[PDB]
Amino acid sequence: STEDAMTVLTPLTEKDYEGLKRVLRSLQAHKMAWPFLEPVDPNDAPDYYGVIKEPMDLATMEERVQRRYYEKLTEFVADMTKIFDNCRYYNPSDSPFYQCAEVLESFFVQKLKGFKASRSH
């Protein structure tokens, strides 16, 4: 209800998408976001799609944001987390992609905390 506190389960409104779009754009503009901007190209990693069952990337999240796919903030955070978890599953810790996931994930958490602090019904 309008009287209850905001949480990760609060239904997202059209208004909340202004902040989600801002957060997503900030990730897309980060210099270390290059491994995640688009789906992994099978030619760059021929075994990838036989290992990673649920791929995710920032362009797919942008499409989902445009379609208002996310009903609760938990679902948005889950897709973002899948990007980084897939990266850390598939790649060794010394991979440049893994290093990009470590910086971009804590940047996402910084931005998400700001989104949450600013949110009202």
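The first residue of the shown sequence is 1; numbering continues from there. We call the rigid core the largest set of C-alpha positions that still match within 1.5 Å between the two forms.
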Practice item. Report the stretch with the higher root mean square CA deviation, pooled over structures and residues in 6 other deposited structures of this protein, choosing between 38-46 and 53-61 after a rigid core fit. Key: 38-46
Check your understanding: Is 105-113 or 9-17 the stretch whose C-alphas end up farther from this model in 6 other deposited structures of this protein after a rigid core fit?
Key -> 9-17
Review point. Lowest, middle or highest third of the chain for the C-alpha temperature factor of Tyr17?
Key: highest
Check your understanding: Can you tell me which third, lowest, middle or highest, the CA B-factor of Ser26 falls into for its chain?
Key -> middle
Check your understanding: When the modelled residues of the chain are sorted by Cα temperature factor, does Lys72 land in the lowest, middle or highest third?
Key -> middle
Practice item. Taking the values exactly as deposited, rank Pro35 by C-alpha B-factor within its chain and report the matching third: lowest, middle or highest. Key: lowest
Check your understanding: Within this chain, which third does the Cα B-factor at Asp47 fall in: lowest, middle or highest?
Key -> highest
